[PDB]
Amino acid sequence: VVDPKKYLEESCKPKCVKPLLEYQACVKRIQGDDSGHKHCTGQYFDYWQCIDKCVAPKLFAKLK
Amino acid sequence: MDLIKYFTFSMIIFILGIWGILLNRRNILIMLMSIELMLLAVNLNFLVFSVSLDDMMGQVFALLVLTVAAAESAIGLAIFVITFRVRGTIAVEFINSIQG
Amino acid sequence: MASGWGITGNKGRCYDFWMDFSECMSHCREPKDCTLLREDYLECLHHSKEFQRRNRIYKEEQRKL
Amino acid sequence: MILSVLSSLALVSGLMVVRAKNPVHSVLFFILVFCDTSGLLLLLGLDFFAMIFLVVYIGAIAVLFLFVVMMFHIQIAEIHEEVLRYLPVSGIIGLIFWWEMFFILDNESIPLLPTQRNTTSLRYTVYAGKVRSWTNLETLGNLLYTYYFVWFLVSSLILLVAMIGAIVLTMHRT
Amino acid sequence: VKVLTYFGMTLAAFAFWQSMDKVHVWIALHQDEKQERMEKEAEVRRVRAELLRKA
Amino acid sequence: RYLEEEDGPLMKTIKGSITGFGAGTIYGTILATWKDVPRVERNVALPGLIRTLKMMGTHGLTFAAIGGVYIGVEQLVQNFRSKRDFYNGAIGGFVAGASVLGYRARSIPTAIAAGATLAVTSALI
């Protein structure tokens, strides 16, 4: 039907608002190219690291 | 920075009253004077705020608190006199009979 | 400065702002409708935002020096 | 600077009120704290309150304290205690109260930092207020007895209670 | 106390009050960082409650 | 309702021990100030200050031990068992209470009583 992990990844977003808003601000701060070397990988990792730590201890219950 | 400096003047007097309570467990007369120091600091607060806000209500209340402070001191020292007259001493060990 | 009596014998510096805020609150059933007038009155009382802005100017002057 | 001098004088004099061995000296240092307060009031332009603090606090209240304390002949043994052990508790209490209250206005009343520019030239003068100016005395007297007369009368009731209670508690008629 | 002791305690108190002046200037200089940090913490709470009500 | 943190079991234990020491220092100061001074000590100041500081340090130590061991055992329960409940923690309160307050009181029934009380208190939360 619908992926349990994907649903849980959207439902854990409130727990990770701070890494999200820092990633969102990094995206804005690099919208100008500057010869294409600026990126937001670090803020990306912090957001998904927080998201993964929220989804991990509840995903395996929805799985048989 | 004028307002902060006047305020901290009054605040130091208030803290000195608190410390004087804390530091005089054998000296109940100094405790009464510490309470008068706190009352003075409050009066200063009212006057400073009255000036800072261009409002007269702080001055009216300062005068009335003056009347109250005088009445409190008169009654307080009367009770001190009758306490001493009964006991012959002002030591705190003679005013601790009521307890439990 | 909500009473009106000034310390030099004239209308208080912040009385008109107080009266604007009060008249707004007397008929607006939501306090948020009179937020601007309320912060006008409080700004008159303490000059917080004015002094903050002037300190910004001073800080920028010190930075460019 | 001047406020720093007055604050330092008041701070030392208050410490001496709360730390003097002899209570007579304590009452005398209290007179110095009230004189310093009068100076602060003069700086704020409130000369009536500056004089009244002299008349009432020093001229009447401190005199009563002095009469009582002097006639009590307190012996230093009845009231002596070593205060070294209270440095930690005084430290914590005073530090909490300091960090919280010496800086209570800072968020609400942000200080204006002095710049290297003459801001005195932006003082706006309104001459209409200066035609017939009011003293502190008549500005207060305009309110005490008319718009706020009930509180005036309640204060009289407070004074009456003080007179009655003083007589009842201490009088021994010859 | 000795008169010199009262004078010295006054000098020390004068130094304390000048130090307090420096503290007040330091607090006044950091109003902007306080304001910017408060911007974040209030907006985090908004983005948060809005996301928590999407479900 | 709880989604404002960054956690870390070792960080949790360290911060809890530090908070315990602070609270124990405050409590020891209060207790030292409440007491009178022994009569042989009324006329000399320094031994009173030494006793106050000793009381401060001893109470800071015992409170730090409680505030550290409690959360340490709480996480070491919820880490191995890996179930989040009020049960995880009732054990930490019990072991903190028993160990520290029975080492202090030198009594086993007192250790059991203290652990039981801490268990109920942590259960309500």
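Here is how names work: the chains are called A, B, and so on, in the same order as the sequence lines, proteins then strands, and each is numbered from 1. FYI, side chains are in, hydrogens and waters are out, and symmetry mates aren't considered; it's all heavy atoms of this structure.
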Seminar exercise, completed: Only one of B/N27, B/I30, B/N24 passes side chain to side chain contact (heavy atoms under 4.5 Å, CB included) with D/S26, and that residue is B/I30
Do [X] and [Y] have side chains that approach each other closer than 4.5 Å (heavy atoms only, starting at C-beta)?
X      : Y      : result
D/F53  : B/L66  : yes
B/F7   : D/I104 : yes
D/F152 : B/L63  : no

Region of [X] in contact with chain D, defined by heavy-atom distances below 4.5 Å:
X     : value
B/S34 : side chain
B/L44 : side chain
B/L37 : both
B/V60 : both
B/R85 : side chain
B/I12 : both
B/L77 : side chain
B/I21 : neither

Exercise. Among B/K5, B/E72, B/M31, B/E93, which residue forms the greatest number of heavy-atom pairs with chain D at distances under 4.5 Å?
Worked result: B/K5
Exercise. Among B/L22, B/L47, B/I4, which has the most heavy-atom pairs under 4.5 Å with chain D?
Worked result: B/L47
For this session: Name the member of D/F72, D/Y86, D/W151 that forms the most heavy-atom pairs with chain B at distances under 4.5 Å.
Result: D/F72
Problem set entry | Option that, when pairs with chain B are counted at under 4.5 Å, heavy atom only, ranks first among D/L112, D/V69, D/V161, D/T139 |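 That would be D/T139.
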Heavy-atom proximity to chain B below 4.5 Å, by part of [X]:
X      : value
D/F103 : neither
D/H73  : neither
D/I61  : side chain

Exercise. Could you state the interatomic distance from OH (B/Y6) to CG (D/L3), rounded to the nearest 0.5 Å?
Worked result: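 Output value for this atom pair is 4.5 Å.
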For this session: Please list, chain by chain and in numerical order, all residues satisfying side-chain hydrogen bond (donor to acceptor under 3.5 Å, both in side chains) with B/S73, sequence neighbours excluded.
Result: B/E36
Exercise. Does one side chain, of B/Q59 or D/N136, offer a donor that lies under 3.5 Å from an acceptor on the other?
Worked result: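 Note: B/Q59 and D/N136 side chains meet the donor-acceptor criterion.
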